[PDB]
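So this one's two forms of a single chain, laid out as structure tokens and tagged structure 1 and structure 2.
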Structure 1
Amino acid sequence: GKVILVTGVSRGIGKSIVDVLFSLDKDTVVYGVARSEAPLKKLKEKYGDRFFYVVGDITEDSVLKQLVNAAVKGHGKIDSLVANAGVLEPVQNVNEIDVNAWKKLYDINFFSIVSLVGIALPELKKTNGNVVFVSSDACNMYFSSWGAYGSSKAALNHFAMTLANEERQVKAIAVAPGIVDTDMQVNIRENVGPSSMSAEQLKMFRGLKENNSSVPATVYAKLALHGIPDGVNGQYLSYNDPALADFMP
């Protein structure tokens, strides 16, 4: 079966993509990572030795190498990578013009993924594999009031095109999920200060959350399993672009 790495799997669309992968195919193996062990254990308990995980922050290169080494050690190869920064959540000082906070958010949403692709790339070359990015719909970047939360998340869009131009033995695609990726579980509101999210950002964020997926998760899952078509290699698309019709449920 295909060996697929998936990041950001604790919540939101990353969790759904794991769920969908296992329902689509009986042979696929998934190695996931998230920062919290609880939901990784729950996935391991549900899916058994179809699922393996590393716990930690992918802004640590050591965590990335653990995850890549664990897949090659345990199953001998890597077919695909579903590169996902995970759900939107408030991060300290991002609503300020604060280079330290911006660098930290760009490392969460963009550079850790660049680092992971670089680390996994030699295995992906071996299988002529696929890199599927879970990017953001906020390509209305045109106008966006999401500040650094939006620009850092959307940086994967151009990255897909650059990776596919530069590395011809692999394919890459960036797909927007038609929603703002948030934790879907009913949660107590958190006390979020204005240096972290503007009042508007917080109010929309809560609205969206208190409103929120299997359909776009399937698109990502089918691209990772069956491969990216040549005609969309390098591109960034909504999950509902007609060029993706064969990757729908």
Structure 2
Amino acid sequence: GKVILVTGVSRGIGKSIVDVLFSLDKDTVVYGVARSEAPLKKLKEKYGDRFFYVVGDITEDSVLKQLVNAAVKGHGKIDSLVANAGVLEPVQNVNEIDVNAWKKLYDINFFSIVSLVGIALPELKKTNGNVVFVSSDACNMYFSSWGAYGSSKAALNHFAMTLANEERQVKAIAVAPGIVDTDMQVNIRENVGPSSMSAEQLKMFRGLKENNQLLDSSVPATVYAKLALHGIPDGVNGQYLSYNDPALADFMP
């Protein structure tokens, strides 16, 4: 009866993370959070007493404490925390940077999680649970106009390594899902791509779709689900890996 908290579960990898979690087990309870009310009420209508949703922006700590205390006031237990919520904008070249937009990007993919763990860490230590970060391949690779988003996940990799080395009662990990057929790649192909992104990387993100090499949302979500359901191995605690790493072969579909 593991209690798993997942962020941004209204679309993309988030909604599938709770979909795979409800497929491998029938006693696991998931507390989700997002900003769109319609797709979150559909998840509870579909799963009933196994899913509970909080509609709000993770940048507001008022709804972060709403998500954590609801799991304690509902089940008195906090096992896993999968940080699967983030934005991509601002997608802009270094010659056209808005710093206040960069902090807005950092307040969702990094500062939102540092505050989220600090609120749920006392409950996570009581179960010796796992903290799984949903990182990205842009933390060590160059991507055009991804200066904010690329360094966004690089700081998450450091926060994953620091958390695993500081409080060893819990275990932290940061795993990149690769390239997944979500609405983010839709934004890369039909909006922020032709505007500010270059030509070489753009035709790659679009050529990888027509030839059908884009992963479905449930392929990497199964890795984050099993890592949140069975636990993180000891030899990879705090490291940064990808979903298809041989060390995580026991978490593949």
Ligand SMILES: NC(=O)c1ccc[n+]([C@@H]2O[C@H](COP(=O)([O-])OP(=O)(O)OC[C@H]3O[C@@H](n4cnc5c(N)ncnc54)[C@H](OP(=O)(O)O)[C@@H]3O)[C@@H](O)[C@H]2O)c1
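We call the rigid core the largest set of C-alpha positions that still match within 1.5 Å between the two forms. Quick note, the numbers are simply positions in structure 1, starting from 1.
Of the two forms shown, structure 2 is the one deposited with the named molecule bound.
With the rigid core aligned between structures 1 and 2, the listed residues 29, 63, 40, 180 include just one Cα displaced by at least 2 Å, namely that of 180.
Core-superposed comparison between structures 1 and 2: the Cα of residue 200 travels 2 Å or more. For residue 82, the Cα coordinates differ by under 2 angstroms between structures 1 and 2 after the core has been superposed.
Core-superposed comparison between structures 1 and 2: the CA of residue 140 exceeds or equals a 2 Å shift. For residue 92, the displacement of the CA atom between structures 1 and 2, after superposition on the rigid core, amounts to 10.1 Å. Comparison between structures 1 and 2 places the CA of residue 191 6.9 angstrom away from its other position, after core fitting. We note a C-alpha movement of 0.7 Å at residue 165 between structures 1 and 2, with the rigid core held in register.
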